[PDB]
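Text of the file my_file.txt, holding compact mmCIF, C-alpha atoms and all ligand atoms:
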```
# COMPACT_ATOMS: atom_id res chain seq x y z
CA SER A 7 19.45 -4.36 14.56
CA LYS A 8 20.78 -2.33 11.64
CA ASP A 9 20.12 -3.38 8.04
CA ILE A 10 22.93 -5.68 6.93
CA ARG A 11 24.04 -5.60 10.56
CA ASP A 12 22.44 -8.90 11.53
CA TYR A 13 20.23 -9.66 8.51
CA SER A 14 21.37 -11.86 5.64
CA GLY A 15 20.03 -12.21 2.14
CA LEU A 16 17.82 -15.16 2.92
CA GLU A 17 16.65 -13.74 6.23
CA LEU A 18 15.59 -10.55 4.47
CA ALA A 19 13.90 -12.53 1.71
CA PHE A 20 12.04 -14.62 4.31
CA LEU A 21 10.40 -11.48 5.67
CA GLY A 22 9.87 -9.88 2.24
CA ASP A 23 8.07 -12.97 0.89
CA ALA A 24 5.51 -12.75 3.64
CA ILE A 25 5.12 -8.96 3.13
CA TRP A 26 4.69 -9.39 -0.61
CA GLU A 27 2.03 -12.10 -0.16
CA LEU A 28 0.07 -9.93 2.28
CA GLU A 29 -0.02 -7.01 -0.21
CA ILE A 30 -0.97 -9.18 -3.18
CA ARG A 31 -3.67 -10.79 -1.07
CA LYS A 32 -5.04 -7.50 0.20
CA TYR A 33 -5.35 -6.17 -3.34
CA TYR A 34 -7.19 -9.12 -4.90
CA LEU A 35 -9.29 -9.73 -1.83
CA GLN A 36 -11.45 -6.74 -2.67
CA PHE A 37 -13.01 -7.74 -5.99
CA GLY A 38 -15.30 -10.36 -4.52
CA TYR A 39 -13.53 -13.07 -6.51
CA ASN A 40 -14.31 -16.65 -5.52
CA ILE A 41 -11.71 -18.79 -3.73
CA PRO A 42 -10.58 -20.65 -6.82
CA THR A 43 -10.15 -17.45 -8.89
CA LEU A 44 -8.78 -15.44 -5.97
CA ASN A 45 -5.98 -18.01 -5.73
CA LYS A 46 -5.21 -17.92 -9.44
CA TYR A 47 -4.77 -14.14 -9.55
CA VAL A 48 -2.58 -14.03 -6.46
CA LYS A 49 -0.51 -17.02 -7.52
CA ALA A 50 0.23 -15.23 -10.80
CA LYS A 51 1.87 -12.36 -8.94
CA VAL A 52 3.49 -14.28 -6.05
CA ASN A 53 5.72 -16.53 -8.23
CA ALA A 54 9.40 -15.91 -8.84
CA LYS A 55 9.07 -15.69 -12.63
CA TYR A 56 6.89 -12.59 -12.20
CA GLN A 57 8.73 -11.29 -9.15
CA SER A 58 11.80 -11.11 -11.43
CA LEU A 59 10.29 -8.68 -13.93
CA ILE A 60 9.15 -6.45 -11.06
CA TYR A 61 12.80 -6.31 -9.99
CA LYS A 62 14.32 -5.58 -13.41
CA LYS A 63 11.57 -2.97 -13.50
CA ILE A 64 12.75 -0.95 -10.49
CA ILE A 65 16.27 -2.00 -9.47
CA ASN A 66 17.86 0.78 -11.53
CA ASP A 67 15.94 3.45 -9.58
CA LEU A 68 15.78 2.29 -5.96
CA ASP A 69 17.99 3.93 -3.30
CA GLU A 70 21.65 2.88 -3.04
CA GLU A 71 21.20 0.87 0.18
CA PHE A 72 18.48 -1.13 -1.52
CA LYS A 73 20.51 -1.53 -4.68
CA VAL A 74 23.24 -3.19 -2.60
CA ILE A 75 20.77 -5.46 -0.82
CA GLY A 76 19.38 -6.70 -4.10
CA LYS A 77 22.86 -7.05 -5.57
CA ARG A 78 24.26 -9.51 -3.06
CA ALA A 79 20.85 -11.20 -3.03
CA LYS A 80 21.57 -12.49 -6.55
CA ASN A 81 24.15 -14.95 -5.14
CA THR A 86 19.41 -26.26 -6.61
CA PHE A 87 17.97 -25.55 -10.08
CA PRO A 88 14.63 -23.67 -9.93
CA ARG A 89 11.47 -25.66 -10.59
CA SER A 90 9.57 -23.29 -12.85
CA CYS A 91 11.95 -20.46 -13.79
CA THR A 92 15.51 -19.54 -14.69
CA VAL A 93 18.24 -19.62 -12.08
CA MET A 94 18.53 -15.92 -12.98
CA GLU A 95 14.87 -15.26 -12.18
CA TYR A 96 14.84 -17.12 -8.88
CA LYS A 97 17.76 -14.98 -7.68
CA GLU A 98 16.26 -11.66 -8.71
CA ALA A 99 13.02 -12.83 -7.08
CA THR A 100 14.96 -13.26 -3.82
CA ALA A 101 16.52 -9.88 -4.46
CA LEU A 102 13.05 -8.44 -4.67
CA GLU A 103 11.75 -10.11 -1.48
CA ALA A 104 15.00 -9.28 0.29
CA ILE A 105 14.65 -5.60 -0.66
CA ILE A 106 10.96 -5.45 0.38
CA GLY A 107 11.86 -7.08 3.67
CA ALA A 108 14.49 -4.37 4.17
CA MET A 109 12.24 -1.41 3.36
CA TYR A 110 9.71 -2.76 5.85
CA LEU A 111 12.32 -3.03 8.62
CA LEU A 112 13.62 0.47 7.91
CA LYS A 113 10.03 1.66 8.30
CA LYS A 114 10.59 2.88 4.74
CA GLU A 115 7.08 1.54 4.13
CA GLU A 116 6.46 3.96 1.28
CA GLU A 117 8.93 2.71 -1.31
CA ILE A 118 6.91 -0.46 -0.96
CA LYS A 119 3.56 1.09 -1.80
CA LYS A 120 5.31 2.52 -4.85
CA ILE A 121 6.43 -0.98 -5.89
CA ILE A 122 3.00 -2.47 -5.22
CA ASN A 123 1.31 0.27 -7.28
CA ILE A 124 3.45 -0.84 -10.23
CA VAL A 125 2.13 -4.37 -9.74
CA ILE A 126 -1.50 -3.21 -9.74
CA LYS A 127 -1.07 -1.00 -12.83
CA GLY A 128 -0.49 -4.16 -14.85
CA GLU A 129 -3.27 -6.55 -13.77
CA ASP B 5 -11.64 1.48 -0.72
CA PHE B 6 -13.16 -1.79 0.49
CA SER B 7 -16.48 -2.62 2.22
CA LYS B 8 -17.53 -3.45 5.79
CA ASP B 9 -16.45 -6.74 7.39
CA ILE B 10 -20.05 -7.80 6.93
CA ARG B 11 -20.88 -5.47 4.03
CA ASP B 12 -19.66 -8.17 1.68
CA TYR B 13 -16.82 -10.09 3.35
CA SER B 14 -17.08 -13.85 3.87
CA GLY B 15 -15.30 -15.49 6.78
CA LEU B 16 -13.24 -17.32 4.19
CA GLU B 17 -12.04 -14.13 2.60
CA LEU B 18 -10.93 -12.65 5.89
CA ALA B 19 -9.25 -15.89 6.97
CA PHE B 20 -7.33 -15.71 3.68
CA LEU B 21 -6.02 -12.27 4.52
CA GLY B 22 -5.68 -13.15 8.20
CA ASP B 23 -3.46 -16.12 7.31
CA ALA B 24 -0.93 -13.90 5.50
CA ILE B 25 -1.09 -11.41 8.39
CA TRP B 26 -0.39 -14.20 10.90
CA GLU B 27 2.61 -15.56 9.00
CA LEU B 28 4.15 -12.08 8.72
CA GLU B 29 3.93 -11.36 12.42
CA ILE B 30 5.29 -14.82 13.34
CA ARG B 31 8.21 -14.65 10.93
CA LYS B 32 8.99 -11.14 12.17
CA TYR B 33 9.34 -12.15 15.82
CA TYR B 34 11.45 -15.17 15.02
CA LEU B 35 13.52 -13.39 12.41
CA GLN B 36 15.21 -11.41 15.16
CA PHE B 37 17.09 -14.15 16.95
CA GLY B 38 19.61 -15.21 14.35
CA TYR B 39 18.41 -18.75 13.78
CA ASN B 40 19.37 -20.49 10.52
CA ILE B 41 16.77 -21.21 7.87
CA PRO B 42 15.98 -24.80 8.93
CA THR B 43 15.58 -23.77 12.57
CA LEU B 44 13.79 -20.50 11.80
CA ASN B 45 11.26 -22.32 9.61
CA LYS B 46 10.76 -24.95 12.32
CA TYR B 47 9.76 -22.33 14.94
CA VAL B 48 7.49 -20.57 12.45
CA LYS B 49 5.56 -23.69 11.45
CA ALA B 50 5.08 -24.42 15.10
CA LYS B 51 2.90 -21.36 15.66
CA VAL B 52 1.45 -21.17 12.18
CA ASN B 53 -0.47 -24.51 12.15
CA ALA B 54 -4.19 -25.07 12.77
CA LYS B 55 -3.65 -26.82 16.12
CA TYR B 56 -1.84 -23.79 17.53
CA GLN B 57 -4.06 -21.04 16.15
CA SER B 58 -6.88 -23.10 17.71
CA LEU B 59 -5.35 -22.80 21.17
CA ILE B 60 -5.04 -19.10 20.54
CA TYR B 61 -8.67 -18.69 19.51
CA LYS B 62 -9.94 -20.65 22.51
CA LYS B 63 -7.74 -18.57 24.83
CA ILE B 64 -8.94 -15.18 23.56
CA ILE B 65 -12.42 -15.60 22.02
CA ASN B 66 -14.21 -14.89 25.33
CA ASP B 67 -12.40 -11.59 25.81
CA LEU B 68 -12.72 -10.09 22.28
CA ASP B 69 -15.10 -7.19 21.56
CA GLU B 70 -18.62 -8.13 20.41
CA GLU B 71 -17.97 -7.24 16.76
CA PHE B 72 -15.16 -9.81 16.65
CA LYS B 73 -16.90 -12.53 18.60
CA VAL B 74 -19.54 -12.51 15.82
CA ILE B 75 -16.98 -12.83 13.01
CA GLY B 76 -15.24 -15.60 14.89
CA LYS B 77 -18.48 -17.54 15.40
CA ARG B 78 -19.88 -17.38 11.85
CA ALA B 79 -16.40 -18.32 10.70
CA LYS B 80 -16.39 -21.53 12.76
CA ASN B 81 -19.55 -22.98 11.21
CA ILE B 84 -16.15 -27.91 5.77
CA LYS B 85 -16.45 -31.26 3.94
CA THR B 86 -12.62 -31.30 4.04
CA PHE B 87 -11.33 -33.69 6.75
CA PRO B 88 -8.25 -31.85 8.12
CA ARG B 89 -4.94 -33.70 8.20
CA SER B 90 -2.89 -32.69 11.25
CA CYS B 91 -5.89 -31.56 13.28
CA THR B 92 -9.62 -32.07 13.82
CA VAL B 93 -12.64 -30.43 12.22
CA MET B 94 -13.23 -28.26 15.30
CA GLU B 95 -9.57 -27.14 15.45
CA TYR B 96 -9.41 -26.34 11.75
CA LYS B 97 -12.57 -24.26 12.04
CA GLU B 98 -11.29 -22.34 15.07
CA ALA B 99 -8.09 -21.88 13.09
CA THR B 100 -10.07 -20.17 10.35
CA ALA B 101 -12.16 -18.23 12.82
CA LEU B 102 -8.91 -16.98 14.34
CA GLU B 103 -7.50 -15.96 10.94
CA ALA B 104 -10.87 -14.38 10.18
CA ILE B 105 -10.74 -12.19 13.27
CA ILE B 106 -7.10 -11.25 12.62
CA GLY B 107 -8.02 -10.47 9.03
CA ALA B 108 -10.89 -8.28 10.19
CA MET B 109 -8.94 -6.30 12.79
CA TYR B 110 -6.45 -5.38 10.09
CA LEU B 111 -9.07 -4.09 7.61
CA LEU B 112 -10.46 -2.03 10.51
CA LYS B 113 -7.11 -0.37 11.14
CA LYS B 114 -7.18 -2.17 14.51
CA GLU B 115 -3.56 -3.30 14.09
CA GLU B 116 -3.10 -2.54 17.79
CA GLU B 117 -5.58 -5.29 18.65
CA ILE B 118 -3.51 -7.71 16.58
CA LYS B 119 -0.31 -6.95 18.50
CA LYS B 120 -2.02 -7.80 21.76
CA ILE B 121 -2.91 -11.27 20.45
CA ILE B 122 0.55 -11.71 18.98
CA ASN B 123 1.96 -10.79 22.39
CA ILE B 124 0.17 -13.75 23.96
CA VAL B 125 1.78 -15.96 21.32
CA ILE B 126 5.34 -15.18 22.40
CA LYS B 127 4.60 -14.43 26.05
CA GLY B 128 3.50 -18.02 26.37
CA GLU B 129 6.73 -18.84 24.56
CA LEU B 130 9.02 -17.29 27.21
MG MG C 201 8.27 -15.92 -2.02
MG MG C 202 -3.49 -20.74 8.14
```

Before we go any further, please render this structure as structure tokens.
Ligand SMILES: [Mg+2]
Ligand SMILES: [Mg+2]
Amino acid sequence: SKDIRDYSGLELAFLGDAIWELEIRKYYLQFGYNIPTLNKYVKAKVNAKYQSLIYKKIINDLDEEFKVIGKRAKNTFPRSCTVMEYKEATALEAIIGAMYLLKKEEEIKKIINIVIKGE
Amino acid sequence: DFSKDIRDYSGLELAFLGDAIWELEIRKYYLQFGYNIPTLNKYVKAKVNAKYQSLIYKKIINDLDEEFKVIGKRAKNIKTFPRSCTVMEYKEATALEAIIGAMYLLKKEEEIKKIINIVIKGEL
């Protein structure tokens, strides 16, 4: 059940996407925003275009193992973003998914905190 | 820090959080078999829809602590005719995601695992 042992890029991203959504939802679900606004704020941080900047914002610092995960992760034209952004976005979800599995659930809080200190 | 589940939390807010919590757990369990995306997604959607969560709710509701039974109930009682299910099922689907959402906020993540265990136990 090791990291890259049985988990592929997409499989890691699949898990990371769900993790990311949960965190973004937990954070905005505390300001008493109404359903319509609550969705707008979350949707602005759950999209790939934004997910990309979060990556380019931490990739150069994350642990080696995670740097490799993201790397291969950047390998059907995207609807609302650059092919380059959709890949990094996957790289981000793939990395998150990995940290979670490795119980390294602290490098995540450090990535989430960077998302909150911006909006 | 947040507030109490009743301090200022609507059943719709919990169900919102609960929904994300439910997906995560479901993808986790299925992401360990080695299925391919199409297949993986197929198994996930199967236990992530309103009809299924509804079976869950109706199978646990009577055994949940008082505090949860309340949340579940107020959450049930939409002016939005559901598509794949009925009004009652959709409501119980929200009530279920409301309870799951609540347990989490109350650090009762161990109570969530017990419900998730009845999701895959009835799957094998
Ligand atoms: Mg995603
Ligand atoms: Mg749902």

Problem set entry | Surrounding residues as number ranges by chain, ligand MG 202 (chain C), max 9 Å, only C-alpha atoms and all ligand atoms | B: 19-20, 22-24, 26-27, 52-54, 57, 96, 99-100, 103

List all protein, DNA and RNA residues that have at least one atom no more than 9 Å from any atom of ligand MG 201 (chain C), counting all atoms listed in the file, and write them as a compact mmCIF listing (two decimals) with C-alpha atoms, in the frame of the given file.
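Final file, out-v7.txt:
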```
# COMPACT_ATOMS: atom_id res chain seq x y z
CA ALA A 19 13.90 -12.53 1.71
CA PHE A 20 12.04 -14.62 4.31
CA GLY A 22 9.87 -9.88 2.24
CA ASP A 23 8.07 -12.97 0.89
CA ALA A 24 5.51 -12.75 3.64
CA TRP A 26 4.69 -9.39 -0.61
CA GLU A 27 2.03 -12.10 -0.16
CA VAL A 52 3.49 -14.28 -6.05
CA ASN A 53 5.72 -16.53 -8.23
CA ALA A 54 9.40 -15.91 -8.84
CA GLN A 57 8.73 -11.29 -9.15
CA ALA A 99 13.02 -12.83 -7.08
CA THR A 100 14.96 -13.26 -3.82
CA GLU A 103 11.75 -10.11 -1.48
```

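The shell of residues at most 10 Å from residue 101 (chain A), with only C-alpha atoms counted and near chain neighbours (fewer than 4 positions) removed, consists of residues 15, 16, 18, 19, 22, 57, 58, 61, 65, 72, 73, 74, 75, 76, 77, 78, 79, 80, 81, 95, 96, 97, 105, 106 and 107 of chain A.
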
Problem set entry | Among listed residues B:49, B:63, B:113, B:120, nearest residue 98 (chain B) (using all atoms listed in the file) |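 Residue with the minimum atom-to-atom distance to residue 98 (chain B): B:63.
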
For this session: Could you list, as an MDAnalysis selection string, the residues of chain A having an atom within 12 Å of chain B when counting only C-alpha atoms?
Result: chainID A and resid 7:9 11:42 44:45 48 107:108 110:111

For this session: Work out how far CA of residue 123 (chain B) is from CA of residue 102 (chain B), in Å to one decimal.
Result: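 For CA of residue 102 (chain B) relative to CA of residue 123 (chain B), the distance reads 14.9 Å.
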
Seminar exercise, completed: Nearest to residue 110 (chain B), restricted to only C-alpha atoms and choosing among B:72, B:58, B:128, B:50, comes out as B:72

Problem set entry | CA of residue 129 (chain B) to CA of residue 46 (chain B), straight-line distance in Å |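 Taking CA of residue 46 (chain B) and CA of residue 129 (chain B), their separation equals 14.3 Å.
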
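Taking CA of residue 49 (chain A) as the reference point, CA of residue 9 (chain B) is found at 24.1 Å.
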